[PDB]
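Shown next as structure tokens: one chain only, the form solved without the named molecule.
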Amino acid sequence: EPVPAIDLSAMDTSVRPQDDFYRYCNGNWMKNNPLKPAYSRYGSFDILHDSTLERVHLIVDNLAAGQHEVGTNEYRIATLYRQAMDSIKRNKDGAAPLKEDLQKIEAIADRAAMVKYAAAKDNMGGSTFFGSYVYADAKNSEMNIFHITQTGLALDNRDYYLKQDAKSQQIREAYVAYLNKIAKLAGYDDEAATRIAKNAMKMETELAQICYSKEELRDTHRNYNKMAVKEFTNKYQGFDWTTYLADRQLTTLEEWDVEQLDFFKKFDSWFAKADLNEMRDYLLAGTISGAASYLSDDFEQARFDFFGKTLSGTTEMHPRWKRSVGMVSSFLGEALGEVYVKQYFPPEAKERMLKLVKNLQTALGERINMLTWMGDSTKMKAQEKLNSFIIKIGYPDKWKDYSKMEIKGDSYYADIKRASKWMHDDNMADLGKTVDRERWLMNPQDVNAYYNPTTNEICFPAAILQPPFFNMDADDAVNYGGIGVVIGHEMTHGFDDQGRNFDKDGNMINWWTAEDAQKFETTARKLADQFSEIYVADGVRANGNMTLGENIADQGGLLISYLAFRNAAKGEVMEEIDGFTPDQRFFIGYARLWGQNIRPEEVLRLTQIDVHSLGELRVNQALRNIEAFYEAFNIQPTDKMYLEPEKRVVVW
């Protein structure tokens, strides 16, 4: 049964599109769908996220319906799911599955044993004091190398630990109370629970101080520092890297990528000088917190009170199956994804999507060649890169081998650690081997898409090829406004403030003249400042620097897909549908992707942690730089969407 191209009932026609295009296209849906207790936000995207997750739920119920042999993927999935859903067993076990892990931390006797403990835990997939992983060399994209990265913080953005205003201090104290509660639930007395929470926050705050900001983490060249391992470790011996690497079985490692180099220089003296008891309590708190979703309901409720009620504003938890399905999809996603495509993905969608992608690619080449600010040399290298895109649609051509993953069924938490151990070992085995450029970094059932610089690939999972993005019964204008913009957005990531640094082979090599690079940086700075002047809440501005790459990609996707849409329309009589011109339907279909309600807590949280602008701004601000949108709705200077021409910023 065909799905309507545009859900007209979501539109609020009492709002002029020239004044508030977001609420013209979405306002009635927003009025009629106040957020339910368990949702921090909801709207077009989350509707498709939810409907796809329910498909995966049915797939899990199908695989869990039989009894299978150990060592089959069906057994792995069913056994993780069954244990996650067994509330009675999880509640009877309580904190007992955690006890040996805590005793091992309590037994750490000196700083030397602290180093060996970090290696032992990182060998299981942990990130005890810092991150590490194996992935392509940014300067040799055919080779896998070892990378080390700054501490991962529980609140994500380091600013949570530092910012000096009332709301920030309140959040910090609520986090400490969460640590106190789970320490009590793990069996510590009142005095120890207070001590652990206080010391853990102290230690994590000191690490946050020496971390890079979210903005600085996006700087491509700043966060690549390849060197001989021993050149660094001969000099910085406050943390005993030689013992750590030996216990990681990495003493054969000649070179590595020290991504946040100034973090590790400061970590050298922090680790040498930190109080041993305080470091121990930091480890206890991280271990309890990392287990809080895998034990009894008390632990999940304590975690919900902070990460849900406090940080996101929700008042109830989602049904148990949603978290359980999400968990199996994160560990065995390609096993689920193979079933998903066989059951739900029609072959005609892949063929039509490939035609659309090739149309967008042609339009991007046309757009670049028509630029008047870019010289001929840089244009030619830009054409070489866009002609070299790797295009991945629907699903991979080979499926991941999960045969080494040991799932035993003794306890939920125990099997989570085994699945995590498998993922870690699988990553480590890539070291020193040729990079697999065909691998997917998302699953077919993920409602998302991505660009990868080190492969120059664009990837569109089966799950995003659904309405309102891709609708095989819709008119072309609406599909270009939806999935067409998504395609152009991923393509523009190859040319944003990060992607432009990588060439057609995925190598971090400069292909820009100095003049053209300076013009790009000047214009990108203006787009950052433009968004940074918009308020998202009372006294809270958008972060135009953190969202710069995504706002460039949105703008490029709008410009490229519109050109592709006009190219496809050449030589056709324009026909109005629902009284809208095709040009207008392009923009309405784009804006319908973003309609949502969102709690004020969640507005603040996403501003701190999300590189994507809020849906409202991806419509009402992004379109203010699009000449075609002014033309489609004849926007005039007294209209609220209008931005003075000298203040518009067009990067591509």
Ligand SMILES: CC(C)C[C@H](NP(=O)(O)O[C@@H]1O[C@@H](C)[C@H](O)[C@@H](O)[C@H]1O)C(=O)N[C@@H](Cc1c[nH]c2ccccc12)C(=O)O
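One-based numbering along the sequence shown.
Heads up, the form solved in complex with the named molecule isn't pictured, but that's what we're talking about next.
Determine which one of 509-517, 483-491, 340-348, 182-190 lies within 4.5 Å of the named molecule in the deposited complex, judging by heavy atom distances; exactly one does.
Selected stretch: 483-491.
Considering the named molecule in the deposited complex, which of 327, 449, 148, 250 comes within 4.5 Å of it through any heavy atom?
In short, 449.
Heavy atom within 4.5 Å of the named molecule in the deposited complex: which of 599, 618, 624, 55 fits that? Just give me the one.
None of the others qualify; the residue that does is 618.
The named molecule contact at residue 611 in the deposited complex, heavy atom, 4.5 Å
Heavy-atom contact with the named molecule at 4.5 Å: present for residue 611.
Residue-level contact is defined here as any heavy atom of the residue lying within 4.5 Å of the named molecule in the deposited complex; does residue 476 satisfy this criterion?
Result no; residue 476 lies far from the named molecule in the deposited complex.
Against the named molecule in the deposited complex, would residue 45 count as a contact residue? Criterion: heavy atoms within 4.5 Å.
Although the named molecule is absent here, residue 45 would touch it in the deposited complex, with heavy atoms inside 4.5 Å.
Would you check, heavy atoms only and a 4.5 Å threshold, whether residue 29 touches the named molecule in the deposited complex?
So residue 29 does not count as contacting the named molecule.
Mind listing which residues of 392-412 have a heavy atom within 4.5 Å of the named molecule in the deposited complex?
Going through 392-412 in order - heavy atoms within 4.5 Å of the named molecule in the deposited complex - there are no hits.
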